[PDB]
Structures are given as structure tokens and as C-alpha cells.
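Shown here: start-v4.pdb, PDB, C-alpha atoms.
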```
ATOM      1  CA  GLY W   1       0.000   0.000   0.000  1.00  0.00           C
ATOM      2  CA  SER W   2       1.277   3.425  -1.022  1.00  0.00           C
ATOM      3  CA  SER W   3      -0.737   6.652  -1.041  1.00  0.00           C
ATOM      4  CA  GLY W   4      -0.148  10.163   0.264  1.00  0.00           C
ATOM      5  CA  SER W   5      -2.958  12.358  -1.042  1.00  0.00           C
ATOM      6  CA  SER W   6      -6.636  12.921  -0.256  1.00  0.00           C
ATOM      7  CA  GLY W   7      -9.468  15.159  -1.417  1.00  0.00           C
ATOM      8  CA  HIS W   8      -7.864  15.531  -4.839  1.00  0.00           C
ATOM      9  CA  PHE W   9      -8.087  13.611  -8.115  1.00  0.00           C
ATOM     10  CA  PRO W  10      -4.829  14.380  -9.971  1.00  0.00           C
ATOM     11  CA  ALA W  11      -5.401  13.302 -13.572  1.00  0.00           C
ATOM     12  CA  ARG W  12      -2.685  15.357 -15.264  1.00  0.00           C
ATOM     13  CA  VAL W  13      -0.424  13.329 -17.555  1.00  0.00           C
ATOM     14  CA  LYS W  14       1.372  13.900 -20.859  1.00  0.00           C
ATOM     15  CA  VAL W  15       0.846  11.457 -23.727  1.00  0.00           C
ATOM     16  CA  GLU W  16       3.906  10.630 -25.827  1.00  0.00           C
ATOM     17  CA  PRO W  17       3.577  10.333 -29.629  1.00  0.00           C
ATOM     18  CA  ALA W  18       3.504   6.759 -30.927  1.00  0.00           C
ATOM     19  CA  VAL W  19       4.313   7.893 -34.466  1.00  0.00           C
ATOM     20  CA  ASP W  20       7.080   9.730 -36.318  1.00  0.00           C
ATOM     21  CA  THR W  21       5.220  11.594 -39.063  1.00  0.00           C
ATOM     22  CA  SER W  22       8.345  13.732 -39.417  1.00  0.00           C
ATOM     23  CA  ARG W  23       9.252  12.690 -42.960  1.00  0.00           C
ATOM     24  CA  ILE W  24       5.825  13.233 -44.518  1.00  0.00           C
ATOM     25  CA  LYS W  25       5.792  14.856 -47.957  1.00  0.00           C
ATOM     26  CA  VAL W  26       2.688  16.323 -49.594  1.00  0.00           C
ATOM     27  CA  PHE W  27       2.620  17.257 -53.281  1.00  0.00           C
ATOM     28  CA  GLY W  28      -0.222  18.668 -55.356  1.00  0.00           C
ATOM     29  CA  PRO W  29      -2.253  21.785 -56.221  1.00  0.00           C
ATOM     30  CA  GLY W  30      -4.619  21.292 -53.300  1.00  0.00           C
ATOM     31  CA  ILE W  31      -1.676  21.948 -50.995  1.00  0.00           C
ATOM     32  CA  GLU W  32       0.429  24.135 -53.287  1.00  0.00           C
ATOM     33  CA  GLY W  33      -2.271  26.454 -54.595  1.00  0.00           C
ATOM     34  CA  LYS W  34      -2.323  25.972 -58.361  1.00  0.00           C
ATOM     35  CA  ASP W  35      -5.771  24.803 -59.462  1.00  0.00           C
ATOM     36  CA  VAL W  36      -7.332  25.466 -56.057  1.00  0.00           C
ATOM     37  CA  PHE W  37      -9.382  28.289 -57.571  1.00  0.00           C
ATOM     38  CA  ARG W  38     -12.703  29.078 -55.890  1.00  0.00           C
ATOM     39  CA  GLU W  39     -15.364  26.453 -56.597  1.00  0.00           C
ATOM     40  CA  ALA W  40     -12.699  24.169 -58.060  1.00  0.00           C
ATOM     41  CA  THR W  41     -11.962  20.487 -57.454  1.00  0.00           C
ATOM     42  CA  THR W  42      -8.440  20.370 -56.027  1.00  0.00           C
ATOM     43  CA  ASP W  43      -6.651  17.577 -54.166  1.00  0.00           C
ATOM     44  CA  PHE W  44      -3.173  16.728 -52.880  1.00  0.00           C
ATOM     45  CA  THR W  45      -1.143  13.571 -52.269  1.00  0.00           C
ATOM     46  CA  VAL W  46       0.406  12.486 -48.969  1.00  0.00           C
ATOM     47  CA  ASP W  47       3.329  10.079 -49.320  1.00  0.00           C
ATOM     48  CA  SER W  48       4.204   8.184 -46.139  1.00  0.00           C
ATOM     49  CA  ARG W  49       6.676   5.323 -45.733  1.00  0.00           C
ATOM     50  CA  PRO W  50       7.186   4.645 -42.000  1.00  0.00           C
ATOM     51  CA  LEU W  51       3.514   5.544 -41.579  1.00  0.00           C
ATOM     52  CA  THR W  52       1.871   3.271 -44.148  1.00  0.00           C
ATOM     53  CA  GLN W  53       2.745   0.821 -46.922  1.00  0.00           C
ATOM     54  CA  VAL W  54      -0.679  -0.247 -48.189  1.00  0.00           C
ATOM     55  CA  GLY W  55      -2.804   2.801 -47.440  1.00  0.00           C
ATOM     56  CA  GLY W  56      -4.625   3.492 -44.194  1.00  0.00           C
ATOM     57  CA  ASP W  57      -7.573   5.235 -42.558  1.00  0.00           C
ATOM     58  CA  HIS W  58      -5.803   7.370 -39.953  1.00  0.00           C
ATOM     59  CA  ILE W  59      -5.712  10.619 -41.929  1.00  0.00           C
ATOM     60  CA  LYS W  60      -7.793  13.760 -41.407  1.00  0.00           C
ATOM     61  CA  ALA W  61      -7.580  17.388 -42.530  1.00  0.00           C
ATOM     62  CA  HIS W  62      -9.449  20.613 -41.772  1.00  0.00           C
ATOM     63  CA  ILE W  63      -9.491  23.683 -44.016  1.00  0.00           C
ATOM     64  CA  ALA W  64      -9.986  27.130 -42.490  1.00  0.00           C
ATOM     65  CA  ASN W  65     -11.116  29.994 -44.724  1.00  0.00           C
ATOM     66  CA  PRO W  66      -9.761  33.525 -44.140  1.00  0.00           C
ATOM     67  CA  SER W  67     -13.309  34.539 -43.218  1.00  0.00           C
ATOM     68  CA  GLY W  68     -13.998  31.846 -40.641  1.00  0.00           C
ATOM     69  CA  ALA W  69     -15.806  29.150 -42.608  1.00  0.00           C
ATOM     70  CA  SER W  70     -14.297  25.744 -43.377  1.00  0.00           C
ATOM     71  CA  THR W  71     -14.138  23.622 -46.530  1.00  0.00           C
ATOM     72  CA  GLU W  72     -15.146  19.981 -46.097  1.00  0.00           C
ATOM     73  CA  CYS W  73     -12.183  17.689 -46.760  1.00  0.00           C
ATOM     74  CA  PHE W  74     -12.470  14.305 -48.472  1.00  0.00           C
ATOM     75  CA  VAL W  75      -9.582  11.917 -47.821  1.00  0.00           C
ATOM     76  CA  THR W  76      -9.165   9.024 -50.255  1.00  0.00           C
ATOM     77  CA  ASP W  77      -6.635   6.264 -49.587  1.00  0.00           C
ATOM     78  CA  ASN W  78      -5.275   4.602 -52.726  1.00  0.00           C
ATOM     79  CA  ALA W  79      -4.677   1.486 -50.629  1.00  0.00           C
ATOM     80  CA  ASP W  80      -1.100   1.683 -51.903  1.00  0.00           C
ATOM     81  CA  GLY W  81       0.677   3.873 -49.369  1.00  0.00           C
ATOM     82  CA  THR W  82      -0.308   7.432 -50.249  1.00  0.00           C
ATOM     83  CA  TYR W  83      -3.396   9.496 -49.431  1.00  0.00           C
ATOM     84  CA  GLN W  84      -5.472  11.682 -51.749  1.00  0.00           C
ATOM     85  CA  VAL W  85      -7.550  14.438 -50.149  1.00  0.00           C
ATOM     86  CA  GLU W  86      -9.966  16.392 -52.341  1.00  0.00           C
ATOM     87  CA  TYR W  87     -11.789  19.583 -51.365  1.00  0.00           C
ATOM     88  CA  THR W  88     -13.624  22.459 -53.047  1.00  0.00           C
ATOM     89  CA  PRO W  89     -12.956  25.888 -51.487  1.00  0.00           C
ATOM     90  CA  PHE W  90     -15.999  28.148 -51.793  1.00  0.00           C
ATOM     91  CA  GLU W  91     -13.844  31.187 -51.028  1.00  0.00           C
ATOM     92  CA  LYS W  92     -10.931  32.772 -52.891  1.00  0.00           C
ATOM     93  CA  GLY W  93      -8.351  33.318 -50.166  1.00  0.00           C
ATOM     94  CA  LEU W  94      -5.616  31.872 -47.965  1.00  0.00           C
ATOM     95  CA  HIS W  95      -6.888  29.006 -45.810  1.00  0.00           C
ATOM     96  CA  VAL W  96      -5.151  27.181 -42.960  1.00  0.00           C
ATOM     97  CA  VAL W  97      -5.017  23.414 -43.466  1.00  0.00           C
ATOM     98  CA  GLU W  98      -4.166  21.429 -40.336  1.00  0.00           C
ATOM     99  CA  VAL W  99      -3.096  17.816 -40.871  1.00  0.00           C
ATOM    100  CA  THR W 100      -2.875  15.262 -38.063  1.00  0.00           C
ATOM    101  CA  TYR W 101      -1.604  11.705 -38.504  1.00  0.00           C
ATOM    102  CA  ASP W 102      -2.768   9.422 -35.695  1.00  0.00           C
ATOM    103  CA  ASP W 103      -3.597  12.372 -33.440  1.00  0.00           C
ATOM    104  CA  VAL W 104      -0.211  13.899 -34.264  1.00  0.00           C
ATOM    105  CA  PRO W 105       0.506  17.006 -36.378  1.00  0.00           C
ATOM    106  CA  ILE W 106       3.177  17.009 -39.085  1.00  0.00           C
ATOM    107  CA  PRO W 107       6.244  19.284 -39.327  1.00  0.00           C
ATOM    108  CA  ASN W 108       4.727  20.610 -42.554  1.00  0.00           C
ATOM    109  CA  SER W 109       1.487  21.893 -41.029  1.00  0.00           C
ATOM    110  CA  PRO W 110      -0.266  24.053 -40.642  1.00  0.00           C
ATOM    111  CA  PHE W 111      -0.350  24.746 -44.382  1.00  0.00           C
ATOM    112  CA  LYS W 112      -1.226  27.889 -46.337  1.00  0.00           C
ATOM    113  CA  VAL W 113      -3.194  27.579 -49.578  1.00  0.00           C
ATOM    114  CA  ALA W 114      -3.554  30.953 -51.294  1.00  0.00           C
ATOM    115  CA  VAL W 115      -6.417  30.628 -53.778  1.00  0.00           C
ATOM    116  CA  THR W 116      -6.440  32.835 -56.875  1.00  0.00           C
ATOM    117  CA  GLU W 117      -9.247  34.054 -59.133  1.00  0.00           C
ATOM    118  CA  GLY W 118      -9.470  31.489 -61.917  1.00  0.00           C
ATOM    119  CA  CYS W 119     -12.742  30.375 -63.488  1.00  0.00           C
ATOM    120  CA  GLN W 120     -16.262  29.245 -62.590  1.00  0.00           C
ATOM    121  CA  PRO W 121     -17.769  25.772 -63.145  1.00  0.00           C
ATOM    122  CA  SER W 122     -20.951  27.566 -64.204  1.00  0.00           C
ATOM    123  CA  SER W 123     -22.873  25.167 -66.445  1.00  0.00           C
ATOM    124  CA  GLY W 124     -23.780  26.327 -69.939  1.00  0.00           C
ATOM    125  CA  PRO W 125     -22.262  25.235 -73.270  1.00  0.00           C
ATOM    126  CA  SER W 126     -22.228  21.452 -73.670  1.00  0.00           C
ATOM    127  CA  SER W 127     -19.893  19.450 -75.908  1.00  0.00           C
ATOM    128  CA  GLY W 128     -22.129  16.499 -76.729  1.00  0.00           C
TER     129      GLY W 128
END
```

Same coordinates, now as C-alpha cells:
Amino acid sequence: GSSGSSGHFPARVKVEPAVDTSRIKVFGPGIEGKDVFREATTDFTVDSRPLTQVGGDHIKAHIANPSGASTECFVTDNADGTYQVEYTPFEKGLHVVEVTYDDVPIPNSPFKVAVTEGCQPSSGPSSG
């Protein structure tokens, strides 16, 4: 028996990271800011070695518009080792994308995607 404290429930403890996620590389317009124009379908690719080899379901992102709103993110694992997240920003501006692998942020985030005035998907002239 060992106890020297009463009338107090000390539940303060730090949780150590069980993942590296320090060598994660993300390439694509969705993260660079090329075809991420407003109302445009843009997506990036997350290559991870020591994190996954045959794709996984432990990825999650969150876009933050410069106004306050947020663009829904759609992560798609190619069941090969890399992740493909697609999102359509309904606002032309710099958003803050926060990535977290297994409840752990990467040394690349937060990210900054500066959208530029491009074109509109407005439906009109059809090809066939």
C-alpha cells in the first residue's frame, strides 16, 4: 500500500507520440495552390513510408477559410501507401489546413493555400 494524497483527483499526464510523421511529404495543387481556384476540385497527395505501406484510414484534414468558414475535406486512400484528399474551397483566399496523422501534427502543417481568381464551373455550353 502506497498513497499520500486525499481530497484531490490528480489526472494530469502527458501522452507521448507513438508515431514519427516527421518525414511526410505532400505534393499537389490542393496543398500548393495551383488549381485550387474558388469552386474548383483540387486535391493533394500524402506520401508516407514509415507511416503506411498499403494505405490506411488514420488521416484527417481541416481547411480554415480567411473569413472563418471551413471547406469539407475528403480523404481518399489509394490502398497503396499514399493518401489523396480532395476539397472544393468556396472562397478565394488563404486558408489554414491542419493535418494530423494518428492524433499527431506534421512538421509541414499548418499549411497555407492561397487561392487565386481562376474560373467558374458555371454550367452552360455542352460538348455532346

**OP:** Mind checking which residues fall within 7 Å of residue 63 in chain W, counting only C-alpha atoms, ignoring those fewer than 2 positions away in the same chain, and posting them as a ChimeraX atom specification?
**Re:** /W:61,65,70-71,95-98

Original post:
Could you name the residues that touch range 17-19 of chain W at 10 Å or less, counting all atoms listed in the file, but leaving out those on the same chain fewer than 3 positions away, as a PyMOL selection string?
Top reply: chain W and resi 14+22+50-51+101-105

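Closest approach to residue 87 in chain W among W:127, W:36, W:10, W:15: W:36, based on all atoms listed in the file.
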
Original post:
Which residues fall under the PyMOL selection byres ((chain W and resi 30) around 6) in this file, as a PyMOL selection string?
Top reply: chain W and resi 28-29+31-33+36+42-44

Original post:
Between CA of residue 86 in chain W and CA of residue 21 in chain W, what is the distance, to one decimal in Å?
Top reply: 20.7 Å

**OP:** Skip residue 120 in chain W itself and residues of its chain fewer than 6 positions away, then list as an MDAnalysis selection string all residues within 9 Å of it, counting all atoms listed in the file.
**Re:** chainID W and resid 37:40

Original post:
In Å, how far is it from CA of residue 12 in chain W to CA of residue 58 in chain W?
Top reply: 26.1 Å

Original post:
Can you list, as an MDAnalysis selection string, the residues that the PyMOL selection byres ((chain W and resi 78) around 12) selects here?
Top reply: chainID W and resid 45:47 52:57 75:77 79:85

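With all atoms listed in the file as the atoms that count, the minimum distance from residue 74 in chain W to the choices W:106, W:122, W:41, W:92 is reached by W:41.
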
**OP:** Give the answer as one residue: which of W:1, W:128, W:68, W:93 has the shortest atom-to-atom distance to residue 113 in chain W, using all atoms listed in the file?
**Re:**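 Smallest separation from residue 113 in chain W among the options: W:93.
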
Original post:
Which residue, W:67, W:73, W:35, W:24, has the smallest gap to residue 108 in chain W when you use only C-alpha atoms?
Top reply: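 Looking at the shortest contact to residue 108 in chain W, the residue is W:24.
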
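With distances taken over all atoms listed in the file, W:26 is the one residue among W:26, W:69, W:94, W:59 lying closest to residue 109 in chain W.
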
**OP:** Kindly give the distance, in Å, that separates CA of residue 121 in chain W and CA of residue 72 in chain W, rounded to a single decimal.
**Re:** 18.2 Å

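Ranking W:23, W:100, W:34, W:88 by their shortest atom-to-atom distance to residue 118 in chain W, with all atoms listed in the file included, puts W:34 first.
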